[PDB]
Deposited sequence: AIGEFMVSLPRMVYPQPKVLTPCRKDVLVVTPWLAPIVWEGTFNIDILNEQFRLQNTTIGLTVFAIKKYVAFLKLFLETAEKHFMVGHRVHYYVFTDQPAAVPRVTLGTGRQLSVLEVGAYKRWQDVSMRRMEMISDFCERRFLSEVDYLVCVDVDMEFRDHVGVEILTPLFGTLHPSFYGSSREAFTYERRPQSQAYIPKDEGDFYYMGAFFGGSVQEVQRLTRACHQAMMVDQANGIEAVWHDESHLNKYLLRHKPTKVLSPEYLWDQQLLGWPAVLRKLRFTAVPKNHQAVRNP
């Protein structure tokens, strides 16, 4: 049950004036593609605060990658879901190397020690943490640690299932996508199929839908292992196969996953929200 929004004063949307004319803002299956200028964050914050939404953020920091946690978490505090309830889940082989980061109110962090490497992430989310996440958060966001937040990443992304456009391929034709192309792999996608190339470094959704995705990807990876094949881009190849056959309900633009050193700052990006660390 959703209570009424309060009165709000904001600019009238005009149906004969598009928000953005330079980019596709809706997929052919009627999922929004999230770009700056397409959303009124005040309306969305209201909607999600009225539901007391809790967002889980999962991040794996193994071996030397623990060094990236401090900047990752400190910038998440500045930019990720500020004002909402957040639970960080940090999966690491070095619990003592997790930095002591000061959190805003309503935010918490859990250190989860981990003890196959290629499969670990999908396995952890779908098998080991299944009951935990269902009990503790409404949405799960799965990101890589060697990143920093530079601008707003908020409830505009929340939806039952989302993927993010890989920054290297958003302008590419589908035959150029680095999908798995060997029919012997469960991740196989033929040259005449594909909507987008989604990056494995930022996906999420409701807990239920993220567990469905990660369970399917884990099962598919196990099949490939039994058949002696490893998909070209590992769990990202399987993520792409899953999101081809199970369409995401929102798609995030490359504002949400960018490498400025590699790709600069194109006109089409009004904000660089979440970026690779040089």
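- Sequence ranges 1-4, 120-125, 289-297 have no coordinates in this entry (deposited sequence, numbered from 1, C-alpha basis).
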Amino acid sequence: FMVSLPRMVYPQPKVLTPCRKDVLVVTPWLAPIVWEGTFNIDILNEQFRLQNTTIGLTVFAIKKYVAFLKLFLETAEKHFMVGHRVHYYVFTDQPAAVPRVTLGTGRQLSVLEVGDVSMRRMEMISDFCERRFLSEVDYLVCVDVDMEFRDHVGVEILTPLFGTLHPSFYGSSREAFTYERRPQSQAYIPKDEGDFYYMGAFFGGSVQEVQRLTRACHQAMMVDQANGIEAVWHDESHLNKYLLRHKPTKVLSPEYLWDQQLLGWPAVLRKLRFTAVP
From here on, numbers count along this sequence of modelled residues.
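- Where the other entries of this protein model the residues before and after it, residue 116 is dropped from at least a third of them.
- Of the other structures of this protein that model both sides of residue 127, a third or more give it no coordinates.
- The stretch with the higher mean CA B factor, choosing between 218-226 and 47-55, is 218-226.
- Two stretches are in play, 166-174 and 118-126, and the higher mean C-alpha B-factor belongs to 118-126.
- Remark: of 210, 251, 62, 30, 62 shows the highest value [criterion: C-alpha B-factor in the PDB entry].
- Per the deposited coordinates, the residue with the largest Cα temperature factor out of 131, 84, 87, 150 is 131.
- Per the PDB record, residue ranking by Cα B-factor puts residue 156 in the lowest third of the chain.
- Placement of the Cα temperature factor of residue 34 within the chain: lowest third of the modelled residues, per the deposited record.
- When the modelled residues of the chain are ordered by their C-alpha B factor, residue 105 lands in the lowest third.
- Sort the modelled residues of the chain by CA B factor and residue 75 lands in the lowest third.
- The PDB entry assigns residue 22 a C-alpha temperature factor belonging to the highest third of its chain's modelled residues.
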